[PDB]
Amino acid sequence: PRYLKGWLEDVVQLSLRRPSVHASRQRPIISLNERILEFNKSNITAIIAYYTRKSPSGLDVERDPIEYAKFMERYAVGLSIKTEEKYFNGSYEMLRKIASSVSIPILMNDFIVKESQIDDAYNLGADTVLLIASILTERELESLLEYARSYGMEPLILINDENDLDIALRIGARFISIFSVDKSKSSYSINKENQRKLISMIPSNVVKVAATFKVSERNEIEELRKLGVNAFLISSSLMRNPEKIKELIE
């Protein structure tokens, strides 16, 4: 992986030594990028529900993962499950349990640094994974992207700046996420103004995911929609009331 230091390079090598898992999916892949485009054709607001048990930035407990997934299943275009163990309190069993009880695209949100994690994701039932360009070399990101595609998994590529986006687009990325739920570490670089900037630099063909900032004003959403954003990544902690989810969903 690229030159990382501090907190991130730690969880990065934690992933490198993460023991592979033996399991087998009990349902095939349900494509996330493709389900978003169909949500688009029908003008359904495509919301990827972002779920983590605990977080380092915001130290707060969560509600039952299985119960939450069963709930969001009728609304979200897909679910993003944080499987990192140390800082985010996720686990592979949690992912396997969610992928078994739900029939909508599941995205494994973790720090993928080797092909076995991708095998892990496929075998645990995830429908795709998160690939972070700012963590992998252009070499590793091209390879991993191919590995996942062989499984039939079109990964969502996280980019945080024009640099990451150049790397991603040249290796042929077809599914991209401008920013994530939390606002980076270099942080002011991560704002609403830079986000539209990065979005306009993405080819109309690419499926674009925008990490929303403020959920409630629908005119941040229907505005990003006009700039081509296909789906929105939203923290679970802002989607608990069904009627409110509907207000977002139209």
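Don't overthink the numbering: it's just position in the shown sequence, from 1.
According to the record, the deposited sequence contains 4 to 9 residues between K185 and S186 that were left without coordinates. When the two stretches 50-58 and 205-213 are set side by side, the higher mean Cα temperature factor goes to 50-58. Comparing 38-46 with 216-224, the stretch with the higher mean C-alpha B-factor in the PDB entry is 216-224. When the CA B factors of the chain's modelled residues are split into thirds, the value for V129 lands in the lowest one.
Among all modelled residues in its chain, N194 ranks in the lowest third by Cα B-factor. When all modelled residues of the chain are sorted by CA temperature factor, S177 is found within the lowest third.
In this PDB entry, the Cα temperature factor of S235 sits in the bottom third of its chain's modelled residues, the lowest group. In the PDB entry, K82 places in the lowest third of its chain by CA B-factor.
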